[PDB]
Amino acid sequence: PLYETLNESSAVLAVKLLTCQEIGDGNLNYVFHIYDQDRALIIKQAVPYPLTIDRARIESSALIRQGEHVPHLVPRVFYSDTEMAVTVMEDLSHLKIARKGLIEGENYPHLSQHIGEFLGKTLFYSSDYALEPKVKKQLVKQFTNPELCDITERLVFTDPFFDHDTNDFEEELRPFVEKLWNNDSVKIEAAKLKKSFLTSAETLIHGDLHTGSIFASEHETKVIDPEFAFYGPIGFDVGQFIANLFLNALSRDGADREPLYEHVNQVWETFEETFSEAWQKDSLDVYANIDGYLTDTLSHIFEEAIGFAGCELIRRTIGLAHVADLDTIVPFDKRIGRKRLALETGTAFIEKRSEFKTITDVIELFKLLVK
């Protein structure tokens, strides 16, 4: 049985393929930076408590698949190994985590075009529109992600909507939280959204595409950390990303929000064009080119995306796993206020998801609720 947790030294496997430091943000994952004194490398390895190290196989394979379609939008992987639960990948230390960058006031003018093309291509080319069902059904097996899905199933879709252990919210927030716990019609909709997440095996999704999962500079965008990858609903990554743009918007004031709104607008438009051009060129489906079918498919993805976004908005505000955008808002009272707005916009997104005709409708409703 050949699994051994790495150190700085054992990490410099690198040779078997001058200085090293562990730089990991988590505690579930080690991240080793290696630099030859002018040339650098990353070695990521899954630690076990509980949560198996099989995630490393998922993450590794998923980056590889993503690389076959959008190599410019994800780090190159040089080597990986299941038993050791290691992924050896490109260093991106010359870039900034998009969430950290956004909180600091960077605007990243190309973030939405890039993320948009990422979503369109990754989401299209792993679905039944792009692949023979026989082949696609095999990939569902290899990407079955029970333990990481269970995290999302609980935290994104469940726990925040009831009085559960894992929730974490200010007492000042209680009354609004309670208003959500008492809201049957929203909960029903969230259940529907969960059930889609549980059963809708449409494409190989990234499964955790928030702003902490992106490296960015003025001119480049890299999507990292697809360890939640499995076959899920097409609109989930779309929704989760959008929600995080809005989460940042809530941490800004007045005119400074405009870039985030423009990014929400652009990521959708670009996702739609990208998905569309790929549908046109590379669908295997005899139905693909009947006028109206693509359009209805995009309506359904769009409605799901908004519902999922609602869930992320709420879930990041009062659930186990928070975002810096909200948690570092200051002073206290302003934090609570913006946190209330995340609940309220989230709630609106879930309930009104099927009424929106365009992304602009979404932006405009948000603008209105956060005055």
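We number the residues from 1 along the sequence you see.
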Exercise for the section: Tell whether, across the other compared PDB entries, at least a third have no coordinates for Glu59. Expected result: no
Exercise for the section: Could you tell me whether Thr317 lacks coordinates in at least a third of the other compared entries whose models cover its neighbours on both sides? Expected result: no
Practice task
Note how many residues of the deposited chain are left out of the model between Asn27 and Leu28; the options are none, 1 to 3, 4 to 9, and 10 or more.
Solution key: none
Exercise for the section: Scan the PDB entry between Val12 and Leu13 and report the missing deposited residues as one of none, 1 to 3, 4 to 9, 10 or more. Expected result: 1 to 3
Handout entry: Of 82-90 and 187-195, the stretch whose C-alpha atoms average the higher B-factor in the entry
Key = 82-90
Exercise for the section: For the higher mean C-alpha B factor in the entry, choose 171-179 or 96-104. Expected result: 171-179
Handout entry: Criterion, highest CA B-factor; candidates, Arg76, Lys121, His263, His300
Key = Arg76
Exercise for the section: Relative to the other modelled residues of the same chain, rank the CA B-factor of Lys16 and answer lowest, middle or highest third. Expected result: highest
Completion exercise
Chain thirds by Cα B factor, record data; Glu22 belongs to the highest
Handout entry: Record-listed C-alpha B factor of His72: chain third
Key = highest
Handout entry: Ranked against its chain, the third holding the CA B-factor of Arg335
Key = middle
Practice task
Could you tell me which third, lowest, middle or highest, the C-alpha B-factor of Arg315 occupies within its chain?
Solution key: lowest
